[PDB]
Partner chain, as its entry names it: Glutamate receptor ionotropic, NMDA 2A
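Just the one chain here, laid out as structure tokens, in the form solved without the partner chain.
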């Protein structure tokens, strides 16, 4: 009767921290002085490779955890939370050198029944929606560009992007959905020729490169980038959001929970719950002084 929830490590939607020796979560508080709600999430012990605990209890919290808690109380279900084993959101890939394709990441865990519900900043798109159901979006999604403050880029149609040169370096994260999407679009091939020269192994490295003036612009999720930029006085996002969609809760097709998850989200938009989440989680009060 208890739902298996899969989520993924992605601040500020889901923070992942160790439990204490007792197996409890450290008591912490929000800017408003409310207790941070924390759940126990088991997941791959990436922090301690070599540990005899391969799958380890950890403390999860953030925007998506508050939202999970709201859903559970509103729809009266119990749950246990785990972090996706391969650390991925989910793409469809050929397996075993055949023509059979399988989803990995959280998409795969949902389809195989290792998860009953995906609660994460999971981007709604047409290909995913062929295989699962999304709720109404709890938050809107798009890409944006991270730059040093002062750098002016209008957005995706900016000439320094559309007509690239070594004078203005931009990039994204290798093997991310952004990377995979860009590399397959005829319309983006000129941009991609530039980007594949500069793509970074991880978002954190790319963000640091922008601070270090080693990368001029980083193309990534706008929620992640706006969160990161708010921490740093010398970092800003710039240009119009682009390639937009929304984040939704994911469930298997014809799930008995789908309508109720959507109604709960619509209620939360209307009553100010979602806006309160945005206030609590999404932006620093001010840049580091």
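We call the rigid core the largest set of C-alpha positions that still match within 1.5 Å between the two forms. Positions refer to the first chain, counted from 1.
Beyond the structure shown, there is the form deposited with the partner chain bound, which is absent from this document and is the topic of what follows.
The partner is absent here; in the entry with it bound, the one residue of 98, 76, 130, 213 having a heavy atom within 4.5 Å of the partner chain is 130. Checked against the partner chain in the entry with it bound, the residues 40, 233, 69, 263 give one hit for a heavy atom within 4.5 Å, which is 263. Under a 4.5 angstroms non-hydrogen atom cutoff, the partner chain in the entry with it bound lacks residue 167 among its neighbouring residues. Residue contact check for residue 23: none of its heavy atoms lie within 4.5 Å of the partner chain in the entry with it bound.
Residue contact check for residue 17: none of its heavy atoms lie within 4.5 Å of the partner chain in the entry with it bound. Taking the partner from the other structure, the partner chain in the entry with it bound has a heavy atom within 4.5 Å of a heavy atom of residue 187. The partner is not drawn, yet in the entry with it bound one stretch among 99 to 107, 189 to 197, 204 to 212, 117 to 125 has residues with heavy atoms inside 4.5 Å of the partner chain: 117 to 125.
With contact defined as any non-hydrogen atom lying within 4.5 angstroms of the partner chain in the entry with it bound, the contacting residues in 264 to 285 are 266, 267, 269, 270, 271, 272, 275, 283, given in sequence order. Taking the core as reference between this form and the one not shown, the lone member of 217, 120, 107, 84 whose Cα moves by 2 Å or more is 217.
With a cut-off of 2 Å and the rigid core superposed, residue 50 has a Cα displacement that reaches or exceeds the cut-off between this form and the one not shown. Relative to the superposed core, residue 200 undergoes a Cα shift of 2 Å or more between this form and the one not shown. The two forms, fitted on the rigid core, differ between this form and the one not shown by 2 Å or more at the CA of residue 181. The Cα-Cα distance between residue 107 and residue 205 is shortened by 3 Å or more in the entry with it bound relative to the form shown here. The gap between the Cα atoms of residue 53 and residue 44 is smaller in the entry with it bound, by no less than 3 Å, than in this form.
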